[PDB]
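Below is one structure, written out as structure tokens, with a few remarks after it.
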Amino acid sequence: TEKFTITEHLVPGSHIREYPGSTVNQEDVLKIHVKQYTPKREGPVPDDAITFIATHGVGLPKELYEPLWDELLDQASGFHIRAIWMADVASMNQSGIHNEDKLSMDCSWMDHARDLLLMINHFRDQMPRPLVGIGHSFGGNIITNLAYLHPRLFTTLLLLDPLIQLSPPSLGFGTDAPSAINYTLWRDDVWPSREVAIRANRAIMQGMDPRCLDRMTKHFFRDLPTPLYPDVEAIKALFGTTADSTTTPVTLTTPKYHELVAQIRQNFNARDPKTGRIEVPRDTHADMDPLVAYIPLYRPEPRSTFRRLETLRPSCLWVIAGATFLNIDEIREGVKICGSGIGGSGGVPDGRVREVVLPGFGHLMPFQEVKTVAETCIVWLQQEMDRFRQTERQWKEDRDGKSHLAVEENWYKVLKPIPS
Amino acid sequence: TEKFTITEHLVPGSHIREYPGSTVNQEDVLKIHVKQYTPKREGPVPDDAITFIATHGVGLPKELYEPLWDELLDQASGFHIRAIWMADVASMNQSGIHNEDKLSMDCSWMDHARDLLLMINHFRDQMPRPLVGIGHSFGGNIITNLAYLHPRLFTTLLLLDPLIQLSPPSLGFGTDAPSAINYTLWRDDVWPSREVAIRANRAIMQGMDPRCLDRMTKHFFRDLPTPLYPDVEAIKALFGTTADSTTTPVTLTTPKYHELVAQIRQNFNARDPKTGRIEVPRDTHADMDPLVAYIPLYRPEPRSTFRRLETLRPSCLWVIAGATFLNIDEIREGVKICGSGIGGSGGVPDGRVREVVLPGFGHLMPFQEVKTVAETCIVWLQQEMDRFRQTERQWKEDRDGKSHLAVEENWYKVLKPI
């Protein structure tokens, strides 16, 4: 944005949502709001320039990642950027505004993977190989599932504190501490002014890069009226600001309820009332592991995604915040298994998977430590792009003389004729 | 079809193919040739009418399934048909002709699943719920992988002799008999006339419904020139027919090579030349199980698909030919595990998966036993659509009066404050 032309797009998402309650009508057409970042460039675009497909964390507007994009371009070494594409998940940020009359109270992370697959097919003429995935937080989970949908699509993945683990989050059950999820349900979500809203959200903004602070104050809050708060005057009356012409009340651009149903899903019907035994109800919770159904809330995708990691085809960089809320020990087992099985890159033994744990960094490192996050990504991208150039050349060499119309001679040596 | 209006479409498939050697250039846009079959109807379309998404077997033109479509409509009981959609896989049949300057010598079955997902999003306005998948042979494998891509997309699947099993096919290695796959590589693929081609292919057409015979003689053969045989006069010279100016040589519409690289994939580089040990080369064969790499040919999709069956979300009908050449015993283990695990329908224990083995039927039963294949499908569709109507109603009931904007009160009971 220092360094990029910005093009905005609104494209239809995937037909039929994973959970029927995620929209008002099951055939609703959700749109995703996309920003395409094209470097300001003198010369033509180099042949191996990367298309980046990026995904954000829950409630975090795509615009927050712009300083990270500027840093990737400014520090780029051994690769070029064709463009960076980041969409807002359909239920959040600017997508949520466009879809506000069609959204309802459910959310599957898997839908954004299908929404991105459609988007890539829509913009294919601007997205030749190589493509690289970047995913922050639940976006790390989504971009991994997009690689499961299309294994050879991405040359590599950059995961920034990805939500991929076996253990349910802490939810204040029994002796457990409440987590950010408890905070999400109960938090204030409307304020007499944007100034007051900023101060009420100081925890999330602490240590943010100033460039990220400006984007937060613009994108994280929305002036009334909204569907959730359709009556400006009733809210000015509640706060006693009816006389003050110079202040407009604001609410969360992403309603707390849309953050909540993305962070966690109801499991309100898991127990047979007569035996008290867990019986997974397949009509609504077929995706739920019975082992996690002991509490009335669950999140299926971290655990299903973890269990398929051995199949992950792209090479994968795992950037972990040392001061994260994720189950870091489970994540490091995920790194060890990543790409080691059938369909896999070859994983850690083949140098196709790397972990970088950044001590003292938090979950919001892409907004708090923009330069170090960028630098960690560049070192990996340069290694992967050296390998890409070499393997692309070896491929072209091995194919040079070969027919497009008939099989090579070795087939006639290995597959014998039927006895005449 | 007389019972259906036919609309033809040509739509772009999935960007970036699973195997780089599938096309001339990795960013090539392959198109799929689709037929949309809409019942001839006086009245409006009933509300729960089914969109069928159907996939064919290797080298079998989509038009061969038209008698089965007529039979499904004619025998329909307890369901309506909104439309049946069948596309030709990009490398075959009419799709292959449209794509002939872009195709190359490789094929992943997974790409047609992604091509179908795009097609469904393209035609979404004509495809409200419910959708049902029908897949014959490798099409049974593809439609299952489409259900893996989008678990809630299909209300049910009808698999007709699906290629879902653990074991490699027989390929004449060691003591094994050469199979249809050996036949595919070595078979005649050009004839001095269509009349001679038809006579030479009596074996494949034996027992076919007469409606299927006319479609076979039209769609199974193509007049030269084609890319593989671009020179009519060179082929008339090969057969010594140069004096007969009015007769045109024909070739297989689907080149035998496109059948072959869909039936089986080269594994020419699996063994370290020094240790003689299998080392899977991850740049080209990352999808290969080392346990099947002992022979220089493999097919990854039957085995990968089998291993994920416990996750299959839609209810599933498995129609098995009693005289099939598939590993029938492996298929019946697949049926038992189908939908039994996380993400699954609930499988056989919940009545969501059923096998029907049709004694003495072969792999080409959709063209040889049109009435019985249709009847087997109808009985299942009726049960599944009764369940759909009931579960759709219970869903609407449970949602009546609930907010689209804020969560229900129980959330404040289970999730404690700060």
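Using ideal geometry, Cβ is built from the backbone for each residue, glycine included, and neighbour counts are taken over all protein chains shown. Every number in this text was worked out from the coordinates using simple rules, so none of it is lab data.
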Problem - Phi-based couplings in Hz for the stretch B:5-20 (Karplus 6.51, -1.76, 1.60; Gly and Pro marked x) - result: 6, 10, 10, 9, 9, 10, 10, x, x, 4, 6, 6, 8, 4, 10, x
Exercise for the section: Take every Cα-Cα pair in the stretch B:1-40 and report what % of them are more than 10 Å apart. Expected result: 72 percent
Problem - Efficiency of FRET between A:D329 and A:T372 - r from beta-carbon atoms, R0 30 angstrom, step 0.05 - result: 0.85
Completion exercise
Per GNM of chain B with C-alpha springs under 10 angstrom, the most fluctuating residue out of B:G339, B:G174, B:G57 is B:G174
Exercise for the section: Would you look at the GNM of chain B, springs on alpha carbons closer than 10 Å, and say which of B:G401, B:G133, B:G172 moves the most? Expected result: B:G401
Exercise for the section: Quantify how much of the Cα-Cα distance distribution of the stretch B:254-405 extends past 18 Å, in percent. Expected result: 72 percent
Handout entry: Pairwise label distance in nanometres, B:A177 with B:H9, each label 7 Å out on the Cα-Cβ vector
Key = 4.2 nm
Handout entry: C-alpha center-to-center spacing [the stretch B:178-202, the stretch B:325-346] in angstrom
Key = 35 Å
Problem - Computed FRET value (nearest 0.05) for A:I97 with B:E42, which takes r as the C-beta separation and R₀ as 60 Å - result: 0.85
Problem - Quarter of Cα convex hull surface for the stretch B:64-187, i.e. mean projection, nm² - result: 10.3 nm²
Problem - Charged-residue dipole, Cβ positions (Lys, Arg, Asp, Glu), the stretch B:153-233 about Cα centre, Debye nearest 20 - result: 240 debye
Exercise for the section: Let me know the volume per residue of the alpha-carbon convex hull for the stretch A:1-156, in Å³. Expected result: 104 Å³
Completion exercise
Here, A:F239 and B:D125, labelled 7 Å along Cα→Cβ, have an inter-label distance in nm of 4.3 nm
Handout entry: Electrostatic dipole magnitude of chain B [Cβ: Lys, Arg +1; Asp, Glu -1; Cα centre; debye, to 20]
Key = 720 debye
Fill in the blank from the handout: Computed on Cα atoms only, the convex hull of the stretch A:116-233 has an orientation-averaged projected area in nm² of 11.5 nm²
Problem - Computed label-point distance, nm, for sites A:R271 and A:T248 using a 7 Å Cα→Cβ extension - result: 4.8 nm
Problem - Inverse mean reciprocal Cα-Cα distance (Kirkwood Rh) of the protein assembly as shown, Å - result: 28.8 Å
Exercise for the section: Quick one: among A:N99, A:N410, A:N201, which has the greatest mean-square fluctuation in a GNM of chain A with alpha-carbon springs under 10 angstrom? Expected result: A:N410
Exercise for the section: Please give the FRET efficiency for B:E2 paired with B:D283, using the beta carbon to beta carbon distance and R0 = 56 Å, rounded to the nearest 0.05. Expected result: 0.60
Practice task
Using the 2.2 N^0.38 Å rule of thumb for compact globular proteins, work out how chain B stacks up: its C-alpha Rg over that value, please.
Solution key: 1.07
Problem - Residue order, fewest to most beta carbons within 10 Å, for B:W186, B:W85 - result: B:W186, B:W85
Fill in the blank from the handout: Treating only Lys and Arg (+1) and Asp and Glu (-1) as charged, each at its beta carbon, one finds that the stretch A:9-167 has a dipole about its Cα centre, in Debye to the nearest 20, of 380 debye
Practice task
Using Cα centres only, tell me the gap between the stretch A:388-420 and the stretch B:44-80 in whole Å.
Solution key: 39 Å
Handout entry: Residue among A:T242, A:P296, A:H363 farthest towards the positive dipole end of the stretch A:210-363, charges placed on Cβ
Key = A:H363
